[PDB]
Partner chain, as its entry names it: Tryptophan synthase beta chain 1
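In the form solved without the partner chain, a lone chain appears below as C-alpha cells.
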C-alpha cells in the first residue's frame, strides 16, 4: 500500500483528543508513506507499555469509536496518504463487522489491521473486507513460524505487518530474523514495527528488506508527555529518523 523506503507513523486516535490527533497527522503527512491510526481499547494486551498507556489516555478523555472515522474523514480533505485503521476485534465485533468496515471505507480508510482476529473468524472477515473495499493487514511476531507466515501472506491484500514485543537500545536479533524469514516468504510488502528510536534503526531495517518502517512508540512517547503541544516535537523526531 506504500512506497518502498516508507516511514509509517502510528498514532492512537483520541490521544489526548481527536482534534490533536488530526493536527499530528497533518503535521506528519509530508514524511509519511502511509499512516496507522489506532483505535484505543480497554485491554491492549498485544501492545508495548508506551502504546498501552496511550490507549488508556484516549479512553480516559472519553474517546468514542466513531470519533476515529471523524479523524480520517477530516484528514482526507487535505491528503490521500494511505490509512490503515488498527484495532482489537472486540470493537468491530460489537459494532458488526460489515457495518464497521463499511463505515471505515466511507470515512476514507484503505486498510484495516485487526490485532487479535480470532482465526475462527479469519475467513469471514477477509471476505467482507474485500466486499467492502478495505484491504487487509495482518500481524506476525517473532514466534510466528514460516508455515503461518505463508498462510498470512496469502490472505493479505494490504501488507504484512511484522512486530516485535521485545523492545530494544538495539533491534533484537529475533526481530531481524523475523524480517529475514518474511522477505523469503512474502509476496506482499512488509512493514516493521520493531520500536525504532534511532536513525540507524531505520537505515538498517530498510537495508535488510523492510518495505516500510513503522514509527509508533517513539511518537507516542512524545504525545504522552507533550500532549496537544506534541506536534513540533513529532516533526523533529521523524526528521531525525529520516536523517533530515
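Residue numbers count along the first chain shown, from 1.
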property: Count class of coordinate-free deposited residues lying between the neighbours residue 168 and residue 169; result: 4 to 9
property: 46-54 versus 189-197 - greater average Cα B-factor per the deposited record; result: 46-54
property: Segment of higher mean CA temperature factor, 118-126 or 133-141; result: 118-126
property: Deposited CA B-factor, highest of 157, 87, 99, 174; result: 99
property: Among modelled residues of the same chain, the CA temperature factor third for residue 91; result: highest
property: Among modelled residues of the same chain, the CA temperature factor third for residue 16; result: middle
property: Chain third (lowest, middle, highest) by recorded CA B-factor, residue given as residue 26; result: middle
property: Assigned third (lowest, middle, highest) for the C-alpha B factor of residue 33; result: lowest
property: Residue 184 CA temperature factor, ranked by third within the chain; result: middle
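Below, we turn to the form solved in complex with the partner chain, even though it does not appear here.
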item	value
Partner-contacting position among 52, 61, 204, 197 - heavy atom within 4.5 Å of the partner chain in the bound PDB entry	52
Option touching the partner chain, based on a heavy atom within 4.5 Å in the bound PDB entry, out of 43, 30, 208, 177	43
Partner-proximal stretch of 169-177, 111-119, 127-135, 70-78 relative to the partner chain in the bound PDB entry, 4.5 angstroms, heavy atom	111-119
Full three-residue contact with the partner chain in the bound PDB entry, heavy atom 4.5 Å, for 6, 10 and 35	no
4.5 angstroms heavy atom contact with the partner chain in the bound PDB entry for residue 90	yes
Residue 123: touches the partner chain in the bound PDB entry, heavy atom cutoff 4.5 angstroms	no
Distance check, residue 145 to the partner chain in the bound PDB entry, heavy atom within 4.5 Å	yes
4.5 Å heavy atom contact, residue 141 to the partner chain in the bound PDB entry	yes
